[PDB]
Amino acid sequence: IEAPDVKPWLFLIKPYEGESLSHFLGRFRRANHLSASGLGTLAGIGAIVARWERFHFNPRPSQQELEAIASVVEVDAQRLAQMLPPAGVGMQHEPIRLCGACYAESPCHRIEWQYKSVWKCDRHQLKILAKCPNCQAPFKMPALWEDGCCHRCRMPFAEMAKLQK
Amino acid sequence: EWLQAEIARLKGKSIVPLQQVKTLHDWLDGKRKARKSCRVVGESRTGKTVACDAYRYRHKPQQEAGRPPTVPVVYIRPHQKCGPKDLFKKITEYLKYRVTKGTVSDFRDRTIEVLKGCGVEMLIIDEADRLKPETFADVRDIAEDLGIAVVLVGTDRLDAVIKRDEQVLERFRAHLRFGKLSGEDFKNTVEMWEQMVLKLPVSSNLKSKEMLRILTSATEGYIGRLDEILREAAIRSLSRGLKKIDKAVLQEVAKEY
Amino acid sequence: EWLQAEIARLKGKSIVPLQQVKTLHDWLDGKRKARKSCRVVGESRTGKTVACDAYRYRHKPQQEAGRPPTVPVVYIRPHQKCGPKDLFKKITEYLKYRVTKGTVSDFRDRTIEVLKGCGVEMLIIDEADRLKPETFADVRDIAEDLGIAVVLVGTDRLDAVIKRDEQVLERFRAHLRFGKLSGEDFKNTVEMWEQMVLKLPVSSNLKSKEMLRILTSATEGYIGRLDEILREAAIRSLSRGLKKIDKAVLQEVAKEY
Amino acid sequence: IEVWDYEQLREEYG
DNA sequence: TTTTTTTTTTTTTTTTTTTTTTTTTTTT
DNA sequence: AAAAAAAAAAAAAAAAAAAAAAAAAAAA
Ligand SMILES: Nc1ncnc2c1ncn2[C@@H]1O[C@H](COP(=O)(O)OP(=O)(O)OP(=O)(O)O)[C@@H](O)[C@H]1O
Ligand SMILES: Nc1ncnc2c1ncn2[C@@H]1O[C@H](COP(=O)(O)OP(=O)(O)OP(=O)(O)O)[C@@H](O)[C@H]1O
Ligand SMILES: [Mg+2]
Ligand SMILES: [Mg+2]
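Protein chains in written order, with our numbering: chain A, 1 to 165; chain B, 166 to 422; chain C, 423 to 679; chain D, 680 to 693.
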C-alpha cells in the first residue's frame, strides 16, 4: 500500500500584493502542469474557469466557485476576492496595460492597471504602456505569460524599463 | 474467549529479522549513497518482497504544514504488461499527489516534477519483469536524468528479459542474490519461529531431529513454506484443544502439501 | 566534516578530454561548415552522449542588444516511440519559445520559423532510434529545406532502422564510429583517471601490472565501467578510513560486476 | 590540461 | 522425436481528426 | 427590451500499425 502519514497535496504558490486573478491562476496552472479544464475538474466547478483567464466575469460566485476553489489553491475566499475589481468599478477589457518599471521588484502584473480610468503609473511616475514600444504589438493575457520574455521582440522585459515614460 | 484471540493472532502477519534481510539492508544502503542502480534476484519464495517492505519502513517520510514531503525511498509494484503510462501513474499515486486525465507525455513531465523537489533517492520496482520492453526507456531515463538509484527486484526470468537489451543490461549490471535455507540456518530459523512467532503455552521443542526431518522434506528450504506450514499446524492443533504441536498433527498438515 | 565533503565530490561527474573525444569534435566541425548531415555509431558504453554534450558547450549561444539569440548548435533527446509532434515540440522548447495548442501542421510551421532567423547550423539527435519510422520524413525535410546539418547518434540498431528506407540511408550515408579502450590506450586512461578524477592523498599506483589485470577483466575496455569501478573503489575505501585504493578492496568491488 | 566539472558548464551557460 | 525457421491472420491500441451540439457574454 | 457570432471542451470514427501469437514445414 502507499506511504503512511501523508495527505493529498499539490504545489502551492503565494500571491503578491495587488496580484490579478488571471495572473495568479496562470502561475498555479504552470506550477502544477495542468489545463484549466483540469483545474475545473479537480474543483468540480465546470469549464467556467477558462474565460477567467481572459478577464470575463459576469458573476462573483462568492460562495460557489470562489469559496470552493480556496481548497485547491490554498488561498482563502477573501484574499481571492481581492484579486478582482469591487462590484461596480474598474472593468477594462482589450488593451493590457503594463508598467515594466515595477518588474525590477517582482515579475507580476498589478490589477489596478485594468480599471477604465488609468493611463499613468503614479508609483514610478509615468505613461503606462498599452502596447509594446518596439514591435508595436498588443500584449497577451497575463495568464499566458512565460518567463518575462517577449516573443515578438525578446528582451529582458525588465530591460525595457529605461525607455518609455 | 481466550482461544479465539489466539487464532486471530496466528492468522496474521509479522516480520522476523533474519540474516538474509540484514544483508540486503546494508547492501542497499551502500547503493543509496553511492547513487548506483542495481538489481536483486532470487527464487520466488525467498521473501524478497518482505525484506523490501522492512527496508522502506526504516525511513519515515517527513512533513511540514505547507510544503511538499521528503520521501527518500519509493516502492512500487507493476501490473502485468505494464506500459509507460502505468509506471508514471503508480509513482505519482505513491506519493499521494492528485492527478487525472492527460496524455503519456503529460504524465512524464509530471513524474519528473514530483520526483524533483521532493527528496527522492531510491526507486524500487517489484515484480520487475512485468515491465513491457519499451518501458525500460523510461526507467533508464529517470535513472540517468535524476540522482536516483533504481533497484529492480525479481526471479531468474528477470535476467532473461534484461539480456535481450544491451542498453539495460549495462545500467543494471550489479546484482545481489537471495538464497535458500539450509543446515544450521534452517535449524536456527525453525527455533526462532517457535519462540518469536508461534508462542504456544505448551512448549514444542521442534529442533528435535525427528521433527526437522519432517519439516525439511516438507519445506525444501523455502522460508515461505516453512511459515505456512507451522502456522497451519498451530491453528489446526489449537482448534482441537491441544497445548502443543506433536509429530502426528504436523505430518497430517505436511501431507496436504 | 572533511570526509563528507569528499564523498559528495566523488559521487559527481566530470569531463576528461580523452583521445576519443578529440576526434569527434574535429570531425563534426568539418561537417558543420560543409553543412552536411551524418551519423555517429558505437556501443552503448563508449561515451557518445558525453562527447556530443561536451561539444555543444564549446559554442555558447550569442546575444546582441536587439534580435533573438543566435544558436549555432541544438542538442535534443527524444522519448520512446517519438512521434512527429514530439520532435517539433522539443526543438521549439529547446529554443526557449513555447507554443501551446494547435495541430501537427502548426507545430511544423512554427519550427521552421524559430529555426530560421535564429542562426542554427547543426541539429544533434541522441538515441535516434527512438524515432518512429515516419518521423524521418520531418527530419529529412528540415535537413533539405534549411542549411542545417543533422547528426544522428546511436547504437548498431540505428543502422538496422535506417537500412529499411532508402530515402534516409542516402541523406545520412557518412558516419563515424566510436571504439573501445585497449592496449596502451587503456593503460594511459587508467593513469589519467587516477590523477585527474580520484585524487587521493596517497598514490594508489594502479598502472602497475598486478592491478591492471584486475581492471581489464572487470571493465573489458568500456570507459563506462572503468569510471564506475574506480569511483566505487575510492568511495568504499574512504568510508572505512583508508588513505588509498589497494588490491583487496578493488577485488571486493570488481567481484560484484 | 583543462578538465571540466559537469555542473559548472551549466552554471556558466548562455 | 525433437529443433529452428518462415509466413500469416486476429486482435488491440493510442493517436488524431474532423465535426456537430450546446452555452455564453456582451452591446445599443 | 434581446439576439447573434463564436472559442472551446467534448465526442464517435477511422485507422494505420507494431508486436505477440498461431500455425506450417524440413531434417538427423
Ligand atoms: N522476514 C520475514 N519474517 C516473516 N515472514 C517472512 C519473512 N520473509 C519472508 N517471510 C514469509 O514469506 C511470505 C512473503 O512472501 P515471500 O517474500 O516469501 O515471497 P516473494 O519473494 O514475495 O514472492 P514473489 O517474489 O514471487 O512475489 C510471508 O507469508 C512470510 O511468512
Ligand atoms: N570524457 C569522459 N570522462 C569521464 N567519463 C566519461 C567520459 N566519456 C564517457 N564517460 C562515462 O560514460 C558515462 C556517460 O554515458 P556515456 O558516455 O556512455 O553515453 P552513451 O555511450 O551515449 O550511453 P548510451 O549509448 O548507452 O546512451 C558516464 O558515467 C561516464 O563515466
Ligand atoms: Mg516477491
Ligand atoms: Mg547516450
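All C-beta atoms, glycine included, are put in the ideal place defined by N, C-alpha and C.
### CA nearest to the CA of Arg305(B), picked from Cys283(B), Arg338(B) and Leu365(B)
Here the question's residue 305(B) lines up with position 140 in the second sequence. It is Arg338(B) whose Cα lies nearest to the Cα of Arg305(B).
### Task
Whole angstroms is fine: what's the gap from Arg401(B)'s alpha carbon to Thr381(B)'s?
Your numbering for residue 401(B) matches position 236 in the second sequence. Your numbering for residue 381(B) matches position 216 in the second sequence. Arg401(B) and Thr381(B) have their alpha carbons spaced roughly 20 Å apart.
### Query
Looking at the unbroken beta strand (DSSP E) that takes in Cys460(C), where does it start and where does it end?
Your numbering for residue 460(C) matches position 38 in the third sequence. Here the beta strand (DSSP E) through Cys460(C) covers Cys460 to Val463.
### Endpoints, the beta strand (DSSP E) within which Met287(B) is located
Along the second sequence, read from residue 1 onward, the residue named residue 287(B) stands at position 122. Note, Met287(B): beta strand (DSSP E), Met287 to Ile290.
### Task
Say yes only if the C-beta of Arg51(A) is nearer than 8 Å to one or more non-hydrogen atoms of ligand 2, and no if none qualify.
Translated into positions along the first sequence, residue 51(A) becomes position 51. False, no ligand heavy atom lies under 8 Å from that Cβ.
### Query
Hey, which unbroken runs of the alpha helix (DSSP H) at 4 residues or more fall wholly within the region 265-346 of chain B?
DSSP runs (the alpha helix (DSSP H)) wholly in the region 265-346 of chain B: 269-280, 301-310, 321-327 and 331-336.
#### Entry: Chain-ordered residues, beta carbon under 6 Å from a heavy atom of ligand 3
The set, ordered by position in the chain, is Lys213(B) and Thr214(B).
### Query
Is the Cβ of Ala68(A) closer than 9 Å to any Cβ of chain B?
In the first sequence, counting from the first residue as 1, residue 68(A) sits at position 68. The beta carbon of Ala68(A) does not come within 9 Å of any beta carbon belonging to chain B, so the residue lies off that interface.
### Query
Hey, would you say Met160(A) sits closer than 9 Å to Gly100(A), going by beta carbons?
Sequence index remark: in the first sequence, residue 160(A) carries index 160 (1-based). Sequence index remark: in the first sequence, residue 100(A) carries index 100 (1-based). Closer than 9 Å, so yes.
### Query
Are the region 598-612 of chain C and the region 580-590 of chain C in contact at 8 Å, needing three or more beta carbon pairs?
The answer is no - the region 580-590 of chain C does not touch the region 598-612 of chain C, with fewer than three Cβ pairs under 8 Å.
### Message
Quick test of your reading: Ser202(B) and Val315(B), contact by CB under 8 Å. State the CB separation rounded to the nearest angstrom.
### Response
The residue labelled residue 202(B) in the question sits at position 37 within the second sequence. The residue labelled residue 315(B) in the question sits at position 150 within the second sequence. So it is a contact: roughly 4 Å between Cβ atoms.
### Message
Taking its Cβ as the centre, do 16 or more other Cβ atoms sit within 10 Å of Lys677(C), making it buried, or is it exposed?
### Response
Position 255 of the third sequence, counted from the first residue, corresponds to residue 677(C). Per the 10 Å Cβ criterion, exposed.
### Query
Applying a beta-carbon distance threshold of less than 7 Å, which residues of chain C neighbour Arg338(B)?
The sequence position of residue 338(B) within the second sequence is 173, counting from 1. Within chain C, the C-beta atoms nearer than 7 Å to that of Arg338(B) come from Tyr679, in chain order.
### Task
Whole angstroms is fine: what's the gap from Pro366(B)'s alpha carbon to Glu2(A)'s?
Numbered from its first residue, the second sequence carries residue 366(B) at position 201. Numbered from its first residue, the first sequence carries residue 2(A) at position 2. If you take the alpha carbons of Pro366(B) and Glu2(A), they lie about 37 Å apart.
### Query
Helix, strand or coil: which one does DSSP assign to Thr611(C)?
Taking the first residue of the third sequence as 1, we reach residue 611(C) at position 189. Helix, per DSSP.
### Message
With three or more C-beta pairs closer than 8 Å as the rule, is the region 544-563 of chain C touching the region 494-501 of chain C?
### Response
Output reads yes: the region 544-563 of chain C touches the region 494-501 of chain C.
### Query
Taking all protein chains shown into account, do 16 or more other C-beta atoms lie within 10 angstroms of the C-beta of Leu425(C), making it buried, or fewer, making it exposed?
Along the third sequence, read from residue 1 onward, the residue named residue 425(C) stands at position 3. Exposed, because fewer than 16 other Cβ atoms sit within 10 Å of the Cβ of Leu425(C).
### Query
Using a Cβ cut-off of 8 Å, which residues of the region 107-138 of chain A contact any Cβ in chain C, in chain order?
Result list empty, no residue passes.
### Message
Please give me, in chain order, every unbroken run of the alpha helix (DSSP H) with length at least 4 that falls completely inside the region 601-667 of chain C.
### Response
Listed in chain order, the alpha helix (DSSP H) elements of length 4 or more contained wholly in the region 601-667 of chain C are 605-615, 631-641 and 645-661.
### Query
Looking only at DSSP bridge pairs, what is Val238(B) linked to?
On the second sequence, position 73 is the one that residue 238(B) refers to. As DSSP reads the structure, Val238(B) sits in a beta bridge with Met287(B).
### Task
Please report how far the alpha carbon of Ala430(C) lies from the alpha carbon of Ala670(C), in whole angstroms.
Within the third sequence, numbered from 1, the residue matching residue 430(C) stands at position 8. Within the third sequence, numbered from 1, the residue matching residue 670(C) stands at position 248. C-alpha separation (whole angstroms): 24 Å.
### Where the alpha helix (DSSP H) through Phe157(A) begins and ends
Along the first sequence, one-based indexing puts residue 157(A) at 157. Here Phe157(A) belongs to no alpha helix (DSSP H), and DSSP marks it neither H nor E.
### Task
Measure from the C-beta of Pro15(A) to each C-beta in chain B and report whether the shortest distance is under 9 Å.
As a first step, residue 15(A) is located in the first sequence; it is residue number 15 there, counting from the start. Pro15(A) does not count as touching chain B.
### Task
Say yes only if the C-beta of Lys435(C) is nearer than 8 Å to one or more non-hydrogen atoms of ligand 2, and no if none qualify.
The sequence position of residue 435(C) within the third sequence is 13, counting from 1. Yes.
### Query
When every heavy atom of ligand 1 is checked, does at least one fall within less than 8 Å of the C-beta of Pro243(B)?
On the second sequence, residue 243(B) is found 78 positions in, with the first residue counted as 1. In this structure, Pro243(B) has its beta carbon at no less than 8 Å from each heavy atom of ligand 1.
### Message
Under 9 Å, Cβ to Cβ, is there at least one residue of chain B near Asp508(C)?
### Response
Translated into the one-based positions of the third sequence, residue 508(C) becomes position 86. At a cut-off of 9 Å between beta-carbon atoms, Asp508(C) makes contact with chain B.
#### Entry: Where the region 434-446 of chain C meets chain D: residues whose CB sits under 9 Å from a CB there
Those residues of the region 434-446 of chain C that come within reach of chain D (Cβ to Cβ, closer than 9 Å) are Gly434, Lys435, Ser436, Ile437, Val438 and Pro439.
### Query
When we look at the beta-carbon of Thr525(C) and count the other beta-carbons within 10 Å, is it buried (16 or more) or exposed?
One-based indexing of the third sequence puts residue 525(C) at position 103. Answer is exposed; the Cβ neighbour count stays below 16.
### Message
ligand 1 and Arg210(B): does any heavy atom of the ligand fall closer than 8 Å to the residue's C-beta?
### Response
Here residue 210(B) corresponds to residue number 45 of the second sequence, with the count starting at 1. Yes, since a heavy atom of ligand 1 falls inside the 8 Å radius drawn around the Cβ of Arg210(B).
### Task
Report whether the distance from the Cβ of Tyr240(B) to the nearest heavy atom of ligand 1 is below 8 Å.
In the second sequence, residue 240(B) corresponds to position 75, counting from 1. Exclusion of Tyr240(B) from the 8 Å shell around ligand 1 follows from its C-beta lying no nearer than that to any non-hydrogen atom of the ligand.
### Task
Entirely within the region 17-59 of chain A and at least 4 residues each: give me those alpha helix (DSSP H) ranges in chain order.
Listed in chain order, the complete alpha helix (DSSP H) runs (minimum 4 residues) inside the region 17-59 of chain A are 21-31 and 36-43.
#### Entry: Any chain C beta carbon closer than 9 Å to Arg329(B)
Against the second sequence, residue 329(B) aligns to sequence position 164. Cβ-Cβ to chain C under 9 Å: no for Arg329(B).
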